[PDB]
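Asks: I am attaching a structure below and will ask some questions about it afterwards.
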Amino acid sequence: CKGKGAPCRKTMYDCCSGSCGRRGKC
């Protein structure tokens with residue numbers, strides 16, 4: 001899975017830890 005503040009795909013459960021949160025980065 002991803003990691004932090006990388007470009008992330010909000011709806012598709014993109015992030016390894018937290019989530020593609022308000023800022024639209026992982």
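Just remember, in the structure tokens the first chain shown is A, the second B, etc., residues are 1-based per chain, and ligands are 1-based in the order shown.
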Any idea what's packed within 7 Å of residue A:15, counting only C-alpha atoms, ignoring anything in its chain fewer than 3 positions away? Could you give it as JSON, numbers by chain?

Replies: {"A": [1, 2, 3, 18, 19, 20, 26]}

Asks: Grab the residues selected above and save them as a tab-separated table (two decimals), in the first residue's frame with C-alpha atoms.

Replies:
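Result saved to part_12.tsv:
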chain	number	residue	atom	x	y	z
A	1	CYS	CA	0.00	0.00	0.00
A	2	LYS	CA	0.88	3.69	-0.42
A	3	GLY	CA	2.39	6.07	1.93
A	18	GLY	CA	-4.75	6.62	7.53
A	19	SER	CA	-6.83	7.58	4.46
A	20	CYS	CA	-6.91	10.00	1.44
A	26	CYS	CA	-2.62	10.14	1.07

Asks: May I have the residues within 7 Å of residue A:10 as a list in words, using only C-alpha atoms and disregarding those fewer than 3 positions away in the same chain?

Replies: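 Neighbouring residues, sequence-local ones excluded: residues 13, 14, 20 and 24 of chain A.
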